[PDB]
Amino acid sequence: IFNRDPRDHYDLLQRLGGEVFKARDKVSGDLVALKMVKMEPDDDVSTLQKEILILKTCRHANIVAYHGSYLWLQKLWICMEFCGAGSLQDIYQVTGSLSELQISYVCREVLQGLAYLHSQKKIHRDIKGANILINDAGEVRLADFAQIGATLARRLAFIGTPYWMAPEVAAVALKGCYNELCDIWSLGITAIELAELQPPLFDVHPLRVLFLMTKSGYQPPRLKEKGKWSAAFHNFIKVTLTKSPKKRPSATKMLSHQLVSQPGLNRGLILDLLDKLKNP
Ligand SMILES: Cc1cccc(F)c1-c1cc2c(cnn2-c2ccc(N3CCN(C)CC3)cc2)cc1C#N
């Protein structure tokens, strides 16, 4: 983590949403994304060092490249590879729902990133449309993977108060005790999201959604229209949304599934999508 004004090395161009910036390298000419974070009272950047070193050693085509961080004037600027189409959520809010094939390509590319992340003993944890970014070439990039500020404040005010927590609580509070196969589940939900513009139960209260998942006789969600999709896509959803982690398949096992291993899946499918965005 570097320790100077990133304006020295980069030129700001425009705000995007939520304060992420379009920017260009003054020397290299490469476009970048700068994710900025305010840091007021008693934030410590040195507690994000194990999570930055996870993000730095991630070197894969389907992961957003990390380029370095900048602490300056009580602000943390995280620099990254720019994806000019935004997230799949940004796109589908204009385009409407994705075709099965477009979803199939997305799922394979996401699976490829997850396979890589899992082989390194890393877990993504927040797989959804908003974190699947798309470049102008129609390639698929997973975004950064929480432990800071008002977010880390709120999250623990739930589990307990940190100074009074036991080690077993602490362990759960930081990491969740759960495994890589959680991302496989999250992908299955994302495939429904892309298909239907919302995940299952988006009109239901989040806590009740969580509660029901723990109850006996729980049924994992499904695609709403049966006839719109192939049996292969219905199977992809069945299998990713396996209730038990013990029986849910791995990312590499999922790359053998008909839906993602079928021929003719490539970035052209998303080039159609980005054309549709421009002409909606
Ligand atoms: C996902 C995310 C959540 C929260 C904070 C964040 F910084 C990011 C985030 C956003 C990112 C990138 C890399 N590129 N972009 C990016 C670029 C342009 C656009 N726009 C939207 C409006 N359109 C009209 C044009 C296209 C959207 C997103 C990396 C992260 C990370 N990590």
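For the single chain, residues carry numbers from 1 onward in sequence order. Note that ligands are numbered from 1 as they come in the structure, with each ligand's atoms numbered from 1 the same way. Atom set for the values below is all heavy atoms of this structure, side chains included, hydrogens, waters and symmetry mates excluded.
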Asker: Going by the rule side chain to side chain donor-acceptor pair (under 3.5 Å), which residues pair with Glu81 if we only count those two or more places apart in sequence or in a different chain?
Answerer: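 Partners of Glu81 by the side chain to side chain donor-acceptor pair (under 3.5 Å) criterion, ordered by chain and then number, come out as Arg141.
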Asker: In the protein, which heavy atom is nearest to atom 11 (C) of ligand 1, and how far is it?
Answerer: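 Here the closest protein heavy atom is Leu133 CD1, 3.7 Å.
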Asker: Any idea which atoms of ligand 1 are less than 4.0 Å away from a heavy-atom of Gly84?
Answerer: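 Here the atoms of ligand 1 in question are 25 (C), 26 (C).
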Asker: At under 4.0 Å between heavy atoms, is it the side chain or the backbone of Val64 that contacts ligand 1, or both, or neither?
Answerer: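 For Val64, no heavy atom sits under 4.0 Å from ligand 1.
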Asker: Could you check whether the rings of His257 and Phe236 sit parallel, tilted or perpendicular, using 30° and 60° as the cut-offs?
Answerer: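 The rings of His257 and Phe236 stand perpendicular, inter-plane angle above 60°.
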Asker: Counting from 1, what ligand 1 atoms have a heavy atom of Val20 closer than 4.0 Å?
Answerer: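 Answer for ligand 1: 5 (C), 6 (C), 7 (F).
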Asker: Which protein non-hydrogen atom lies closest to atom 21 (C) of ligand 1, naming both residue and atom, and how far is it?
Answerer: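 The protein heavy atom lying closest is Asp90 OD2, 4.0 Å.
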Asker: Using a 4.0 Å heavy-atom threshold (strictly under), name the region of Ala130 that reaches ligand 1: side chain, backbone, both or neither.
Answerer: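 Backbone only.
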Asker: Is atom 3 (C) of ligand 1 near the protein, in the sense that some protein heavy atom lies at less than 4.0 Å from it?
Answerer: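 No; the ligand atom in question lacks any protein heavy-atom contact below 4.0 Å.
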Asker: Looking at atom 24 (C) of ligand 1, would you say a protein heavy atom lies below 4.0 Å from it?
Answerer: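 Flag for atom 24 (C) of ligand 1 set to false, no protein heavy atom closer than 4.0 Å.
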Asker: Examine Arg154 relative to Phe158 and say whether NZ or CZ is less than 6.0 Å from the centre of the six-membered ring and inside a 45° cone about the ring axis.
Answerer: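 Pair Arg154/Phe158 does not count as cation-pi.
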Asker: Using a strict 4.0 Å cut-off to heavy atoms of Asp144, name the atoms of ligand 1 that fall inside it.
Answerer: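 Going through ligand 1 atom by atom, the ones under 4.0 Å from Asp144 are 32 (N).
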Asker: Measuring from non-hydrogen atoms of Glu81 to any atom of ligand 1, is the shortest distance under 4.0 Å?
Answerer: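 So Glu81 counts as touching ligand 1.
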Asker: Cluster partners of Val20, using ILVMFWY side-chain heavy atoms under 4.5 angstrom, listed by chain and number?
Answerer: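 Joined to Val20, directly or through intermediates: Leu16.
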Asker: List ligand 1 atoms under 4.0 Å from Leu16, heavy atoms only on the residue side.
Answerer: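 The list of qualifying atoms is 16 (C), 17 (C), 18 (C), 19 (C).
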Asker: Got a donor-acceptor contact below 3.5 angstrom from the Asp144 side chain to the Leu55 backbone?
Answerer: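 Checking the backbone N and O of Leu55 against the side chain of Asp144, no donor-acceptor pair under 3.5 Å is found.
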Asker: For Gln258, I'd like to know if atom CD has over 12 heavy atoms of other residues, nucleotides or ligands within 6.0 Å.
Answerer: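 Atom CD in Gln258 is not crowded, with 12 or fewer foreign heavy atoms closer than 6.0 Å.
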Asker: Determine yes or no for a side-chain-to-main-chain donor-acceptor pair under 3.5 angstrom, with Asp25 supplying the side chain and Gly29 the backbone.
Answerer: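 Not a single qualifying donor-acceptor pair exists.
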Asker: Around atom NZ of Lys75, are there more than 12 heavy atoms from other residues, nucleotides or ligands closer than 6.0 Å?
Answerer: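 No, NZ of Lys75 has 12 or fewer neighbouring heavy atoms, counting only those of other groups under 6.0 Å.
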Asker: Are any of the protein's heavy atoms under 4.0 angstrom from atom 32 (N) of ligand 1, yes or no?
Answerer: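 It does: a protein heavy atom is found less than 4.0 Å away from atom 32 (N) of ligand 1.
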Asker: Tell me which one of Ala85, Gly86, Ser87, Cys83 gets a heavy atom nearest to atom 17 (C) of ligand 1.
Answerer: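 The option holding the nearest heavy atom is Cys83.
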Asker: Less than 6.0 angstrom separating the ring centers of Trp77 and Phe21, yes or no?
Answerer: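 Under 6.0 Å, so yes.
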Asker: Considering the heavy atoms of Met80, write down every atom of ligand 1 situated less than 4.0 Å from one of them.
Answerer: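 Going through ligand 1 atom by atom, the ones under 4.0 Å from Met80 are 29 (C), 30 (C), 31 (C), 32 (N).
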